[PDB]
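**Q** One structure coming up, written as structure tokens, with questions to follow.
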């Protein structure tokens, strides 16, 4: 508990990774034409956040 | 003083195994 921080037609993309005790997040947003699978094309994700937290992540879960 | 104690880069782990210094 030693840390806290605050700040189908749409595709939201993200990347999450942990390196050298820093936990990094990236993203991109776009409209899409066909919702049945990820659209074949290219548009790179850009960083949002680079957290100092030092945690050993091995598993994850999602909320809705 | 018993309040100061010991057991990847910049990792932290509070799980338990711990000993104070003397």
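Residue numbers (this note's numbering), protein chains in the order written: chain W, 2 to 65; chain E, 374 to 395.
Virtual Cβ for every residue (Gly too), placed ideally from N, Cα, C.
Could you tell me whether the Cβ atoms of residue 377(E) and residue 393(E) are closer together than 8 Å?
**A** Against a cut-off of 8 Å, the Cβ pair of residue 393(E) and residue 377(E) comes out as a contact.
**Q** Could you work out which residues of chain W lie near residue 380(E), taking near to mean beta carbons separated by less than 8 Å?
**A** What residue 380(E) touches in chain W: nothing, since even the nearest Cβ is about 14 Å away.
**Q** Taking only the alpha-carbon atoms, compute the straight-line gap between residue 52(W) and residue 34(W) and give it to the nearest angstrom.
**A** The straight-line gap from Cα to Cα measures roughly 34 Å.
**Q** Expressed to the nearest angstrom, what Euclidean distance is found between the alpha-carbon atoms of residue 370(E) and residue 21(W)?
**A** Residue coverage of chain E in this structure runs from 374 to 395, which leaves residue 370(E) outside it and unanswerable.
**Q** Closest to residue 383(E) by CA distance: which of 15(W), 23(W) and 3(W) is it?
**A** Of the listed residues, the one whose Cα sits closest to residue 383(E) is 23(W).
**Q** I'd like the span of the beta strand (DSSP E) that includes residue 132(W), first residue to last.
**A** Given a span of 2 to 65 for chain W in the structure shown, any question on residue 132(W) remains unanswerable.
**Q** Please work out which residues of its chain come closer than 6 Å, Cβ to Cβ, to residue 13(W), disregarding the five sequence neighbours upstream and downstream, and give them in chain order.
**A** For residue 13(W), where only same-chain residues beyond five positions count, the Cβ hits under 6 Å are 30.
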